[PDB]
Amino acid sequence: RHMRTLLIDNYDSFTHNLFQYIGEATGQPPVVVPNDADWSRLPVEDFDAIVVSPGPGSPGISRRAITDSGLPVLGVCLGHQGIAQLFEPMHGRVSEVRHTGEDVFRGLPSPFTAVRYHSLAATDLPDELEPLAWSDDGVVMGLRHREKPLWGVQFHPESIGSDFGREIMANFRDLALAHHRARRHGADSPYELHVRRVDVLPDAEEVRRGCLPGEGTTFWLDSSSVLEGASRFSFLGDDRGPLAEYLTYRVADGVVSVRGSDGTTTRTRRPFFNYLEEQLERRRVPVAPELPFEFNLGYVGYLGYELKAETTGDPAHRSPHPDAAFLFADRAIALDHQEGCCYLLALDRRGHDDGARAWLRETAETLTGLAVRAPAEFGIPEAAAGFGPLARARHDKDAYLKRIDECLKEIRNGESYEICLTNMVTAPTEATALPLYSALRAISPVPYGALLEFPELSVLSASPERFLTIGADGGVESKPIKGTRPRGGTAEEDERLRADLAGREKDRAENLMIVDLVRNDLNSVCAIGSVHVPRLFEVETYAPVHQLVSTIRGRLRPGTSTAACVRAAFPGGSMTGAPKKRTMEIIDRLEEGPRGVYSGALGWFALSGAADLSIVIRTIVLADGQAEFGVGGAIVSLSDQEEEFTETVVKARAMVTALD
């Protein structure tokens, strides 16, 4: 559903201006009720946010909305003064307003112009209210309640002489969504989360080898590249805990297989995304304030491409691997690469003591023993050599050139605007997961690296791509990568190719169409006005390749689960193309087989409702003495067949090099 806003009219001549601004900012008009209306009569349960309009004179139902309701409230002028009390003269004149950039003022430049309609201001402010903004005149322009979701502005955002009025109203809408997403959680948690900070940062690979079994189900979410703003944390754990479970899914059957600490495999004939939504709602646990990350344990694993059968796609091909595979992590180790410390997370059932407090104690001793001095740290045409000596692509060059030709025909007939045509390469190897991964992470250090060691398969990911980062507050971020340029080797040819990638209209167009596609997916589950693009066509360089990256953000609608958001956006637009449904049908025909783990999502669903998912690219799947890795690229009207083939070989190089 969309969000519901109550606009309380205090009988001033500005209520209808606020009506317009709320309407434009939130995409839904507020329900207007008079101040002297009956409170007990009003269906306040139906409403999700109150805007208290300016009134004449000094600070009826706007009092009850603040004290009792418990709903998000925005006080405008006399509503602001109302919040200040319950807990020089300028009319139609402008002041420069300076602020901290928090809550209703986020995104706004300091200063910004606003008009004031008052002779009275909040001089002595109560201890439970903090000021957020001041006029050049030196009176309080913004305030907040430190616990309750209450906000005040001592100016008219909707005044013609004011700037960023719509933004302030969009910010209040955003604050109210996050408040109602945080109210869903109560005393309903079936687990107690124990946290322990250890003041050592051992090498992540020492933690994997030293703390995790070696044999059995393990996960390692590996920030092998650490850069301020891009990546900060690594996560590791195993299935040895008493409350830990391993979950698999087959589309063909449509059954969820679940292995507990009983040893029993439970078969449920249902869809995975609904299964996950249900478990995540039932197993809800609130985020810890002591943690600088929002992964407070939960599900770690991958969603395979073929899960499209439950989204907007057809079950055309069977994967030989599970279509979904997740460890429910009851215990995990978190490395903070910025601050140089560790966090130990362990689940106890809210009533019981299942040795969670004991695991924190034991693994803390182990980790301090691994803390030792941190050790010391390709171009074309050799990058475009082959897939390796023992390797065999599903489609050889000729077969792939014909699939590209078929893509160009489908685009000429106007069936697709962009096709992400991919190939699958299978090479025999006797290599074990961890040694092979140790070589890969050294070759291609990356923000979204991962080693999953599951019974059916090992996943060795050197992905740099963010699919969905969802906060517990309902904030969504997607960083689609599309537009690739090889490295030069010669640092002259390299920075030349980097500049070529940012400038070429072809690559910009490849990226833009995916930005529009991901915007569309997000808009289907996000609040009207929340979906925006703060960064377009940023260049990111990694050991193997130069990548064109765009950033899309949104805010989930109330009643939309984190699982619902991923379903709406799965499979990733950056791995399908536009329009998605018809493009995935073209992909089904030309690829003549499954993608499997490749072009799916890999990451975690937290018990806090937060999530962080990568796109599975630059990944080796190890199963039964065989390494298989996907490679692909965008086909558009302007594409050259030879160049597009060469691009799939280049993208394989990190995986080809790791294997030998």
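Just count from 1 along the sequence shown to find any residue number.
Compared with other entries of the same protein, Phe378 falls in the group left without coordinates by at least a third of them, where both flanks are modelled. The records show that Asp188 is omitted from the coordinate set of at least a third of the other eligible entries of this protein.
Unmodelled stretch separating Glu377 from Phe378: 4 to 9 residues (count of deposited-sequence residues without coordinates). According to the record, the deposited sequence contains no missing residues between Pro594 and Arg595, so the chain is continuous there. Higher mean CA B-factor, judged across 349-357 and 199-207 from the recorded values: 349-357. Across the two stretches, 294-302 and 71-79, the PDB entry reports the greater mean Cα temperature factor for 71-79. Residue-level inspection of the entry shows that, of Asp103, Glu96, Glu158, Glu128, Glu128 has the top Cα B-factor. For the set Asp222, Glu492, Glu456, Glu430, the maximum C-alpha B-factor listed in the entry falls on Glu492. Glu643: CA B factor lies in the middle third for its chain, per the PDB record. Per the PDB record, residue ranking by Cα B-factor puts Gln626 in the middle third of the chain.
Compared with the other modelled residues of the chain, the Cα B-factor recorded for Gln28 ranks in the middle third. Remark: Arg496 belongs to the highest third of its chain, ranked by C-alpha B-factor as recorded.
When all modelled residues of the chain are sorted by CA temperature factor, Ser608 is found within the middle third.
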